[PDB]
Each structure stands twice: as C-alpha cells, then as structure tokens.
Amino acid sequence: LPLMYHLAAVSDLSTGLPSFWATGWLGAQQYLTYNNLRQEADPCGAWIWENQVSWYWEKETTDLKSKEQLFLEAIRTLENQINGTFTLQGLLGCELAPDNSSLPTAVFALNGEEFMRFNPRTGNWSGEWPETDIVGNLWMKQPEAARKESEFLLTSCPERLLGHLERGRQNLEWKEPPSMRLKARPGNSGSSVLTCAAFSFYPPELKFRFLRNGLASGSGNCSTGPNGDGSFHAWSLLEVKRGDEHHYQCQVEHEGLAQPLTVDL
C-alpha cells in the first residue's frame, strides 16, 4: 500500500484549470486535493473524519506550496525558452519497505512523456532531454531544492503513510461486494452481446468469468471505472451465437464475496 502525490501544472488556461494542482492517494483512494487558487491542501471525504495531529494538514499545505513554486517556475522558465503550451506532471510518493522505511518514487513528465527523475538519496535530477536540463537546472539552482524535495520523499512521505495505516484502517480495510447483473443485446447481425455489469464494489480488484453450460468460456472484455461514490463499477462483454444466449452464465470473484458469485439472465 503506497502514498502517491499527483502534481500538475499547465500553461493553457483556456478551460478554467488552475495553474497547478495536486491530489494525494493512499492505494486506490484519494485522501487529498490542492491547487494554487484555494492555496491550501485539504482532506477528501472519508478522510475528513480521520484523527490526525493538529499540524498534519498544516504540513501537507506547506509542503505543497513548495512544489507549487518549483512547478510554476518551471512552467514560466520554459514558456519563455520554448514556443508552445506545456503540461508539467510528476509522480511523488513512497511505498513502505517491509522493514519500516521508504521506497521512493519521483518521475516527471512533460507534455505527456517522461523526461526527468529525482534521486532522493543522491539529491540529483536525471534525464535524457533538453528540457531535463532547463527544468532540472532551475531547481538544482536553489539551495533548498534538493534538501527539501528529498526530505519530502525520505522522511515526511514514509511517516504520513505509516500514520494513515494506523489511523485509517477503517478506510483501507473497508470491503464491499458488487451487485451483478447479466444481460443480452441484439449485438451484431445474427449474433448477440452478453454484458456482465458489476455495481458499487470497493477494492477495484475483480475477476469476471463466463460460463457456458457450466464450463469456462472466457473472460469477455473487462473495464472498470469509478462510481464517484468512492466505490467502483465494472463490466465485461462477450459476443456470442445468437439464440444460445441462455447457455451462458456469469461469475465473479472478489474479497467482498466469500465465494465466487454466479449470475443469470
């Protein structure tokens, strides 16, 4: 179970985006949000009620104001050397060493593709691109830069994480089995399509299995998505021989379920 911050900055403000925003993730669930306008880092739904130290959220906001500035700088220092709008993104976080410690991550992407990396131990930015030099040098040209950024990943990160584990279990251990529903549509010509939909289940982990006359018949084409409820939604499609609709069933596997679940039309 990892702690991952998704940071981003843009140039083109034609559609109302802030200039820089961010979101915190504990496993598959968001617990944090931030942007340059609200100027503060705040708790997401279910985490609002977690019990934390008084300065926890003080700390997330101040640590994000730093990164905001490093990104905003890059954005302008780039928008000047180069022609054409940009999108700065970075993936900052950690996973716990199965022996209390950090397993950091820090990669940055520019206009869709990766162009830079940070080593928190060595305190150095790596990268094979022109932009890697522009941005990478802009930051390294700040005394604070390396130190802070590094402490964020090696000290703060693993800490906050270990604290959400202790004080957040109710949330991370939460389980909810899906509600299944199988159906048939006219599909192609002289054919038909079976759809196995899974409703409102938590751990996004789920295994669809098709059954013809009882024996395995495939996996269809799985697609999972968020319900916005904090839960997830999933479906699988299987085109079959028209008329034979009824010889098939659908089965699912999930932690919400003690045993595999079989559904019919």
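Just count from 1 along the sequence shown to find any residue number.
**Q** Mean CA B-factor: is it higher for 171-179 or for 97-105?
**A** The recorded data point to 97-105.
**Q** Per the entry, where is the mean C-alpha temperature factor higher: 80-88 or 115-123?
**A** The recorded data point to 80-88.
**Q** Return the residue from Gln52, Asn36, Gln29, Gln69 that has the highest Cα B-factor in the entry.
**A** Largest recorded C-alpha B-factor: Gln52.
**Q** Sort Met4, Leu265, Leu1, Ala8 by C-alpha B-factor from the entry and give me just the highest.
**A** In the PDB entry, the greatest C-alpha B-factor among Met4, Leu265, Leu1, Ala8 is found at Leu1.
**Q** Compared with the other modelled residues in the chain, in which third is the CA B-factor of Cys44?
**A** As the PDB entry reports it, the C-alpha B-factor of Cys44 lands in the middle third of its chain.
**Q** Select lowest, middle or highest to describe the third in which the CA B-factor of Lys207 falls within its chain in this entry.
**A** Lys207: CA B-factor falls in the lowest third of its chain.
**Q** Check where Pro18 lands among this chain's C-alpha B-factors and tell me if it's the lowest, middle or highest third.
**A** Middle third of the chain for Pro18's C-alpha B-factor.
**Q** Relative to the other modelled residues of the same chain, rank the CA B-factor of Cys222 and answer lowest, middle or highest third.
**A** CA B-factor rank for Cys222: middle third.
**Q** Where does the C-alpha B-factor of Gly187 rank in its chain, lowest, middle or highest third?
**A** According to the entry, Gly187 has a C-alpha B-factor in the chain's highest third.
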